[PDB]
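Chemist: The data below comprise the sequence and an experimental structure of the protein.
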Amino acid sequence: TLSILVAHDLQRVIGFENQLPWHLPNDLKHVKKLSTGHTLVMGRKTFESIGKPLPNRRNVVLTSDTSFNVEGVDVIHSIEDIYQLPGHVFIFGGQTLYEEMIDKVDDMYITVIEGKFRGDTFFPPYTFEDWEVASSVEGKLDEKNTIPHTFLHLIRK
Ligand SMILES: NC(=O)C1=CN([C@@H]2O[C@H](COP(=O)(O)OP(=O)(O)OC[C@H]3O[C@@H](n4cnc5c(N)ncnc54)[C@H](OP(=O)(O)O)[C@@H]3O)[C@@H](O)[C@H]2O)C=CC1
Ligand SMILES: COc1cc(Cc2cnc(N)nc2N)c2c(c1OC)O[C@H](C1CC1)C=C2
């Protein structure tokens, strides 16, 4: 499969200043569960945000810098290179990946962060007319996960 994996807020904010706008450990645990043993493709800037490869899956960074060679990352330099990767590939961020990728992906794992944050980066507007809810499961709140949130899984209709 080829999937978006993204958390966005009530106005589709994903990012602020090259970071997530929220602290929400449940969602990062969700990312882990979903992606472990599989492949991430991210934009260069998102890679700079996580700063190192994530363990126990394959990490692929899309970048135009051909001098890019990082330990345990695989570089690619075009959108097209994605479509040849073996297996279940998650588009992992960021704003520009999502824009390039959203009409190409089979499905999307979105966490809707039921808040309104300040962002400088956004997820593309989409329409549920295009997208079928295979599941919708509320996140559980606790002291350390204090923002309401819903795990959507959308298949393209
Ligand atoms: N909420 C969420 O689920 C997530 C949010 N984010 C957020 O997203 C924001 C980052 O978004 P954005 O600024 O768009 O950054 P991106 O992470 O999408 O990276 C952009 C970079 O990726 C490379 N790139 C993208 N497309 C291509 C292409 N087609 N060919 C060659 N290179 C390409 C370029 O690298 P180069 O300049 O080296 O050529 C470009 O500068 C941050 O705010 C971050 O916090 C990130 C992940 C998840
Ligand atoms: C933009 O920054 C991040 C993006 C992301 C990507 C990301 C986060 N949340 C969601 N829902 N989708 C995503 N694609 C993550 C993230 C980020 O900050 C560290 O943290 C952890 C990694 C191990 C450290 C997980 C994710």
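Modeler: Structure received. Numbering: from 1, shown residues only. Ligands and ions are numbered 1, 2, ... in the order given.
Chemist: Please count neighbours and contacts with C-alpha atoms only from this point.
Modeler: Noted.
Chemist: For the protein, list the residues in contact with ligand 1, please.
Modeler: The chain comes close to ligand 1 at residues 6-8, 14-20, 42-46, 62-65, 77-79, 92-97, 121, as judged by Cα under 6 Å from any ligand atom.
Chemist: Please flag which of those residues sit within helices.
Modeler: 44-46, 95-97 (DSSP state H).
Chemist: looking at those residues, which has the most residues close by?
Modeler: residue 95 (22 neighbours; other Cα atoms under 10 Å).
Chemist: residues contacting it?
Modeler: 14, 121-124 (Cα atoms under 8 Å, 6 or more residues apart in numbering).
Chemist: among the residues you listed, which are in strands?
Modeler: Cross-referencing those against strands under DSSP state E gives 14, 121-122.
Chemist: Filter the residues of the chain next to ligand 1 down to the buried ones.
Modeler: Buried by 16 or more other Cα atoms under 10 Å: 6-8, 14-15, 18-20, 42-46, 62-63, 92-95, 97, 121, out of the residues of the chain next to ligand 1.
Chemist: just the ones in strands among the contacts of residue 95 now: which is nearest residue 152?
Modeler: Closest approach between the ones in strands among the contacts of residue 95 and residue 152, by Cα to Cα: residue 14, at 15.3 Å.
Chemist: If you drop the residues flanking it in sequence, what lies closest to that closest one?
Modeler: Nearest residue to residue 14, sequence neighbours excluded (Cα to Cα, 6 or more residues apart in numbering): residue 8, at 4.7 Å.
Chemist: Also residue 58?
Modeler: In space, and not counting its chain neighbours, residue 58 is closest to residue 39: 4.4 Å by Cα to Cα, 6+ apart.
Chemist: what's the burial count for the one you found?
Modeler: 22.
Chemist: Can you point out the buried residues in the longest helix belonging to the chain?
Modeler: Using DSSP H to assign secondary structure, the helix with the most residues in the chain is helix 25-35. Neighbour-count burial for helix 25-35, counted by 16+ other Cα under 10 Å, picks out 26-27, 31, 35.
Chemist: just stretch 133-145 next, same as before
Modeler: Neighbour count says stretch 133-145 has 139, 145 buried, by 16+ other Cα under 10 Å.
Chemist: Does it reach ligand 2?
Modeler: No: using Cα under 6 Å from any ligand atom, stretch 133-145 stays clear of ligand 2, coming no nearer than 12.1 Å.
Chemist: Please list the outside residues in contact with that stretch.
Modeler: So stretch 133-145 is contacted by 23-26, 147-155 (Cα under 8 Å, 6+ apart).
Chemist: Thanks a lot, catch you later.
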